[PDB]
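8 protein chains.
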Amino acid sequence: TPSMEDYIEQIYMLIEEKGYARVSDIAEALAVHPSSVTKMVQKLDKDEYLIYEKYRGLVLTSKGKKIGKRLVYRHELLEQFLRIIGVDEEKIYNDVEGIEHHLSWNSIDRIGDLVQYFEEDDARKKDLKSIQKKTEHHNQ
Amino acid sequence: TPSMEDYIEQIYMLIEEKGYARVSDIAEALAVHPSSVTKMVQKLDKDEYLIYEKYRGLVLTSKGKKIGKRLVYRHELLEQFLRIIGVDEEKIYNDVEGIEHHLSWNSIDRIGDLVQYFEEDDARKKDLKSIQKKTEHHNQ
Amino acid sequence: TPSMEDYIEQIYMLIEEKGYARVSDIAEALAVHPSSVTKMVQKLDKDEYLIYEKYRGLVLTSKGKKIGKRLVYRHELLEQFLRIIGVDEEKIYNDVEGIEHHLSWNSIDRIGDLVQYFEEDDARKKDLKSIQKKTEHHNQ
Amino acid sequence: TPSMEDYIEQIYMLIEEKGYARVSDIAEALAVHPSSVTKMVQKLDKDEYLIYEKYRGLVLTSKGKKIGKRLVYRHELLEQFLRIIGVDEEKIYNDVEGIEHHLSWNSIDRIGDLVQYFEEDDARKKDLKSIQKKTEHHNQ
Amino acid sequence: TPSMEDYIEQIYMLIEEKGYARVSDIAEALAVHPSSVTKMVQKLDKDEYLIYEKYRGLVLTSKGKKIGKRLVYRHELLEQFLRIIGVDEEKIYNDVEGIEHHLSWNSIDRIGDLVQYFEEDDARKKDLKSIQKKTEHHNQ
Amino acid sequence: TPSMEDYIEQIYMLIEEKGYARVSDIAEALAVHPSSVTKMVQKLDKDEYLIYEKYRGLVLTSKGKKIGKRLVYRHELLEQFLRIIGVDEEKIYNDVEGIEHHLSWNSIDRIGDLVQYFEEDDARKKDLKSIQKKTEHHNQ
Amino acid sequence: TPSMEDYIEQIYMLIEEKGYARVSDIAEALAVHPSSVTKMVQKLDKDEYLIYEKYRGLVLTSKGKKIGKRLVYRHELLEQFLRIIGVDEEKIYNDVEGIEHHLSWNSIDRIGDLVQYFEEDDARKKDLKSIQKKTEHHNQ
Amino acid sequence: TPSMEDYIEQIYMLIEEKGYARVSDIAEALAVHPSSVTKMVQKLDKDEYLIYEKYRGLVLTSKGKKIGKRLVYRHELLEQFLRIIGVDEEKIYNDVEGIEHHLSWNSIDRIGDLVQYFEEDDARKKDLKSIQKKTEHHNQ
DNA sequence: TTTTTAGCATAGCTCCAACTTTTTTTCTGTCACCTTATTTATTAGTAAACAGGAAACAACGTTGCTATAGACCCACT
DNA sequence: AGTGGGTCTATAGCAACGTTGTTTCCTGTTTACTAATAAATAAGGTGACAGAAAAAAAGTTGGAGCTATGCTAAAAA
Ligand SMILES: [Mn+2]
Ligand SMILES: [Mn+2]
Ligand SMILES: [Mn+2]
Ligand SMILES: [Mn+2]
Ligand SMILES: [Mn+2]
Ligand SMILES: [Mn+2]
Ligand SMILES: [Mn+2]
Ligand SMILES: [Mn+2]
Ligand SMILES: [Mn+2]
Ligand SMILES: [Mn+2]
Ligand SMILES: [Mn+2]
Ligand SMILES: [Mn+2]
Ligand SMILES: [Mn+2]
Ligand SMILES: [Mn+2]
Ligand SMILES: [Mn+2]
Ligand SMILES: [Mn+2]
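Residue numbers (full-length UniProt numbering), protein chains in the order written: chain S, 3 to 142; chain F, 3 to 142; chain W, 3 to 142; chain R, 3 to 142; chain C, 3 to 142; chain B, 3 to 142; chain X, 3 to 142; chain Z, 3 to 142.
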């Protein structure tokens, strides 16, 4: 279920940023009611991905830490790839969050390879910008 | 709703391939029960995208034809882009069907620009293949 | 066989009007049992005029499309010719359907030439109406 | 049944031409086996249109004479109408025999009126010939 | 030759009664073998009184029609004259057939005049019957 | 056979006129070759109507005499009847000789009765002559 | 103030054990009302030893981490030193918590040196136990 | 309350040294205002540990004498124990005064046993000094 | 003259209780999807009434083909 | 002048035969019909999935005592 991965990624990022994850912050980040957050936390505890205390909080496990690190790496590489082409920053996060769950790992590897190819040379990026402008002249 | 676009694309492709769309073929293509197909057909008829006859069939409208053509163009360009990098053909259709609904049109334009950039030159594709192999040596 | 041409014309007209031909509609149009319609469809499929699918339907071919277009042109020109003289509309369709199969193409060309001759001038049609009334005074 | 009228017309014409109708002559004229001719003769005798003697021959009745005269008048007026336009004499008889049974009497009256209209003036026929040539220039 | 006139009269009467003359009917009427009938038909054809077709039949000519009409008139007036006096009907036809060939036309005119004289008045016929009875009393 | 009666009548009349019958006279009277006369004489001798001697001649018998007398009476009454009406004397003998063999005895009795009726009164003959002239005015 | 060091040590130990410090747990550990805990947390935040969020929680700083590590080392070495001599475990924690704040660092170094001296040899500990028993015989 | 024991010990030591305890001397020794000294004296008089006269002075009781003797013995043994290890004399009195109230009597017995163990042999003290120097080489 | 108490006056410190955000726990309704049942267009035989041709057959109509008579000639008695 | 023995065709059964008109089969050939068969439609049941609404705790805050020093003298050896 993509929701499980989304929650794991959000919890891992929030822990790495703040040092501690809270239910209200997770609910605000995912724009969902805290009751759904509690249900998801209990379900993840049933899956032994994290340890939950009834009124204290949550602590991620080693497997959860690895999954969160991998998901954060995928998210950041997707963001970098989308920014490379020249997409507006407003929709970049929305598109990445929408597509980060339906993509296969082979596609992620291919995207990373493309990013590496376009990062070692700037002339390729300049040519991409030039052809993009010359083809978007119709939108002008 | 992405389901509406998915149904419109499937109906348009089936009409262009066979010359006529049938409920059983749509249900088999989308792997859903024919009752759901009937419900979706009635809902789309409520949206004036196609004309439905109680026991005869469906006929697409001009607006429906344009939407289907645009969606088919997006789908085929996504397939070509995914095939360009070198992803396995088995997962290409699944990934395209999963991501064809959550992507913005600007991202589609950027993907088309990248495909055009990589299509005018084969040396770039050869260098991409070489760097892909040199970086996937770790998987060997 | 005139029945083959009649079926081809009916199928072509029904496809051009509705966008799809169904067995029940053809049977109702030709006032024959659907079993005879199925037999005729199979026989026409044996003649490679159309492609038939066991439970889906029928799709006309390019040769079938040309034959249907020619037959529809002949039918409409016959209807126009019969309406020009002043025959009652009730029997026009019956007479056209009865005589559309036993006429030669040269006769069709002559009828079209006569229609063109009487269409470029209205005084000729007025004189025809006047002489028709003056000769049908005996029926009064 | 058109076959009854066809047989009555043929018998009436043969009697008026030769003075006596024979089974072999009727069979040759209608290009059918004499057994079918005998069956038709017996059926017409059942309809009291003519008197048949077992080995002697056939004699038409007053009603049969009137029907034959009317049918011969229709046939000859159809032949004259077809010859007026300029159709080749080879197909004139075939077309007249094919269409003499499916036409209504009102259409026959209209054809006779048209023949009368085109017979009182020769300038109309000359103009028809001129426009026919000018439009058949494409066939040249 | 009286046989020629007899055959012409029989053929004319048979044509006027049946509408067509056949060899078997003529042979039965004249109580002669059909071979003699064929010989007589060929001889009459040599005299250009009628047209004969090898297996079809015979058709009388205008001269033959006039001769037959005159002979039938003579025969019927002879029958009426013989019936007027009161001869038995059984021998009337035999006597008329026996004497219709040896009589001159002036005698025929005189017989017709006598018939006209006895037809305008019935008292003369009544007196003839009375004197016939009074003189045939010896036969009683 | 009428020839037998004709020969008997001729022989009886010749015997009553000359007193003796000769072969040459009979042949001249009947306009036939003497060989046929000899054959007929031998045949009649076979019928025991007359006695013939090889080179002498013929003598009639009592039965032959009665038959000849009856035939002569019939011939003379026929001649008188034909002369009564007013037929030309030239054709009277020819007609009587032609019709004296095909008539029945009852017809002879009726003719004799008519002759007796017209002989007792001359006013009837005068009226017959008057009506004959008034009806033969058309021949004038 | 010894209270500041006590709170820092408790927070550091609780964070190292649970991964996150909560106000209720600190209050229970120090057996004080949560209002005093909030006051102490605010005062420590004023001293820039930790970062406090109004309703989220507390996170220690690098200086706070070093101070907590040093205090935990002192506490554990005091516990080990007290256990070495043979004091009852019930009062060991109470005595260590009572004396961990009034001792100088030089005294801590001397205690650690004594622990190291008595840890490298077990005969010294055995002699200490023997003399302890021989002198505590008076308590028996 | 440790303050009661501290005051009793100070009063006992001052009486044993000077022969008489005065309020000013006690206040100077404990570095507190004489008002607090008067309050403490009144409170101790309420506890029947000493007899106080309104302007004369204080006299200890037998129970007070025993408590003071025991506390002085504990203080002197603590001083000797701290001096044995080699702590600087400047902080020895401060540390002893700080820790003389929070220690249990069993700990005091253990400290006395350790002092007796290290007093019967000087080689142990020499080895302690040697290991102390060898481990404090890092401070050099 | 100093020392020795007796209030006088501020102080954070700690606690109690009220207050005000935050976390869980059922409670309550909802669209999603599966399953079932019903209804109706689509085929595949399935049998029966014919239409017409083939073939066979039963009169009809015809061409010699010769038997028997009625003129016609010629020679003979 | 009257008779007998070859010729000359005319007329008439008759005798196949060859056709013409009738009858009887066959033989596809088309037309209602009747299951059966899949395809299309409508009706029900669970069932996750949020709101939402208490409740239950947690975290905050505003105050009220409570000692703990620091003044400032008034009294006593
Ligand atoms: Mn993400
Ligand atoms: Mn996401
Ligand atoms: Mn698609
Ligand atoms: Mn899709
Ligand atoms: Mn049509
Ligand atoms: Mn038609
Ligand atoms: Mn016709
Ligand atoms: Mn016809
Ligand atoms: Mn007659
Ligand atoms: Mn006759
Ligand atoms: Mn006579
Ligand atoms: Mn005679
Ligand atoms: Mn501690
Ligand atoms: Mn502590
Ligand atoms: Mn002390
Ligand atoms: Mn102390």
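Just so you know, even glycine gets a beta-carbon here, dropped at the ideal spot from N, CA and C.
Assignment of residue 79 of chain C by DSSP, reduced to helix, strand and coil, places it in the helix class. Taking CB atoms only, residue 104 of chain Z has a neighbour in chain X less than 8 angstroms away. Note on geometry: alpha-carbon atoms of residue 81 of chain C and residue 94 of chain C lie some 7 angstroms from one another. Using a cutoff of 7 angstroms, the CB of residue 8 of chain Z counts as near ligand 16, since one of the ligand's heavy atoms is closer than that. Contact between residue 106 of chain C and residue 97 of chain B holds: CB atoms are separated by about 7 angstroms, below the 8 angstroms threshold. Around residue 65 of chain F, the same chain offers 51 as residues with beta carbons nearer than 7 angstroms, after the five sequence neighbours per side are excluded.
Among the residues facing chain S, residue 61 of chain X is included, as its CB has a counterpart in that chain under 8 angstroms away. Scanning the stretch 56-123 of chain W from its first residue to its last, the whole beta strand (DSSP E) runs of 3-plus residues come out as 60-62.
The beta carbon of residue 87 of chain X falls within 8 angstroms of a beta carbon belonging to chain Z, placing the residue at that interface. Neighbours of residue 21 of chain X in chain S, taken as residues at a C-beta separation under 7 angstroms, are given in chain order as 61.
If you look at residue 9 of chain X, you'll find it in the alpha helix (DSSP H) that goes 4-20.
For residue 49 of chain X, there is no enclosing alpha helix (DSSP H), as DSSP marks it with neither H nor E.
Look at the beta carbons and you see the stretch 9-16 of chain R touching the stretch 68-76 of chain R: at least three pairs across the two are nearer than 8 angstroms.
When Cβ-Cβ separations below 8 angstroms define contact, residue 26 of chain R makes no contact with chain W. Per DSSP, the unbroken alpha helix (DSSP H) holding residue 126 of chain W starts and ends at 125-138.
For the stretch 55-80 of chain F, residues whose beta-carbon sits nearer than 7 angstroms to a beta-carbon of chain W comprise 58, 59, 61.
Residue 103 of chain R has its CB nearer than 7 angstroms to a heavy atom of ligand 8.
Under a criterion of Cβ atoms nearer than 7 angstroms, the residues of chain S adjacent to residue 101 of chain F are, in order, 101, 104, 105.
For the stretch 39-56 of chain W, there are no residues whose beta carbon sits under 9 angstroms from a beta carbon of chain R. When the beta-carbon positions are compared, residue 60 of chain W and residue 23 of chain W come within less than 8 angstroms of each other. Listed along the chain, the chain C residues whose CB falls inside 7 angstroms of the CB of residue 119 of chain B are 133. Within 8 angstroms of the CB of residue 97 of chain F, the CB atoms of chain S belong to 104, 105, 106, 109, in sequence order along the chain. Residue nearest to residue 3 of chain C within the set C/49, C/28, C/134 is C/49 (criterion: CA-CA distance). For residue 32 of chain W, no chain R residue has a Cβ inside 7 angstroms of its Cβ, as the nearest lies near 17 angstroms away. With 16 or more other Cβ atoms from the protein chains shown falling within 10 Å of its own Cβ, residue 101 of chain X counts as buried. Sorting S/18, S/35, S/141 by C-alpha distance to the C-alpha of residue 62 of chain S places S/18 at the top. Not one heavy atom of ligand 15 falls within 7 angstroms of the beta-carbon of residue 39 of chain S.
Between residue 112 of chain R and residue 87 of chain W, the gap from beta carbon to beta carbon is short of 8 angstroms. With a threshold of 7 angstroms, the Cβ atom of residue 30 of chain X does not count as near ligand 13, since no heavy atom of the ligand is closer than that.
The Cβ of residue 115 of chain B sits closer than 8 angstroms to at least one Cβ of chain C. When only Cα atoms are considered, residue 123 of chain W and residue 118 of chain R end up about 20 angstroms apart. The beta carbon of residue 131 of chain B is closer than 8 angstroms to those of 88 in its chain, skipping five residues each way along the sequence. Where residue 34 of chain Z is concerned, there is no enclosing alpha helix (DSSP H), because DSSP gives it neither an H nor an E.
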